[PDB]
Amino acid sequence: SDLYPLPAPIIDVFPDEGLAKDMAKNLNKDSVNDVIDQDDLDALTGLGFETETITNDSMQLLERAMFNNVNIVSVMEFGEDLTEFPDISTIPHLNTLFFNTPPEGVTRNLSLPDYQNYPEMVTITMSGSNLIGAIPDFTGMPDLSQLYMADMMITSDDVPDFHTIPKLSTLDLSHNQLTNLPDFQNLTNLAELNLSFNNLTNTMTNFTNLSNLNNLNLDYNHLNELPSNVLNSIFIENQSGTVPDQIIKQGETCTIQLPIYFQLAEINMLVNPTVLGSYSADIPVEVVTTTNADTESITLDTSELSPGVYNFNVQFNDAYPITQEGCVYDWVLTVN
């Protein structure tokens, strides 16, 4: 069944320099010429890989040995020609697959198979590498409970409405460029959903069926308004957006709508209640600023301004040391 017969040298069981070297290290043997038996493999519970010459093809050579007790695989370092960890039948009890993120300014690409041979899989982590294609709607991992796919250049078309992973409690899609999200129908046990550092703008999906959600990280997105069904679970400290431009007659005040402020306020997620309305100049110019909760509007006293074109903003949740951006919303106000 492809299984090389034992006893035999590592380099003969695993006929690629890179893979053999790593396998030597995994088995605690000094040489790729060192002889291994089945007991040596039965004692393994984890497999690390770091030699960058390993390819998708080389890594398949792993189905030449039976790994009865390995429950974790960790790709700590890897080259361009390793683009996925394969779907082999020799790791029956694998619980965890982990790609470490590459070094600084090092681009790697990874795809994610619809794995059939790891039915006991619980955690997958591929963060830090560009996703090739899309995330499959997984069929063969009925116990998958954590999935980390941050910093992969994921777009909304890459994310399916996952049907066959009902036990998932954590999902990390942070540091991607998501503009929209599926309203998930069978993630009824999802507890944590991380969507920080994305491109969610104005509004997003108001999740109908996330029965067990505790934590929805929306930090560093561009929402004007938060999804009411999951408000308790939201965390935001920073947020940057715009509100629509306006034209007013000289001497009038300016009022904007901004439900996010009062939503955050309601949920005790404002570090600092004060709102600072201001327009730009050599040094930015402050203006008196008040909040009406019933209309979820903020009013700026723009009544002293001469006719012109003004780059306005509102700022709130400022607590410089620990926030870092605060919440900001810009717009152009024309006064005539």
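Quick note: we count residues from 1 along the sequence shown, nothing fancier.
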statement: Of 43-51 vs 277-285, the stretch with the larger average CA B-factor in the entry is 277-285
- line: Assert third(CA B-factor, residue 24) within chain per record equals lowest
- line: Of the three thirds of Cα B-factor ranks in this chain, residue 326 occupies the middle
- line: The third of the chain into which the C-alpha temperature factor of residue 97 falls is the lowest
- prompt: When the modelled residues of the chain are sorted by Cα temperature factor, does residue 181 land in the lowest, middle or highest third?
  reply: highest
statement: residue 84: C-alpha B-factor third of its chain, per the entry, is the middle
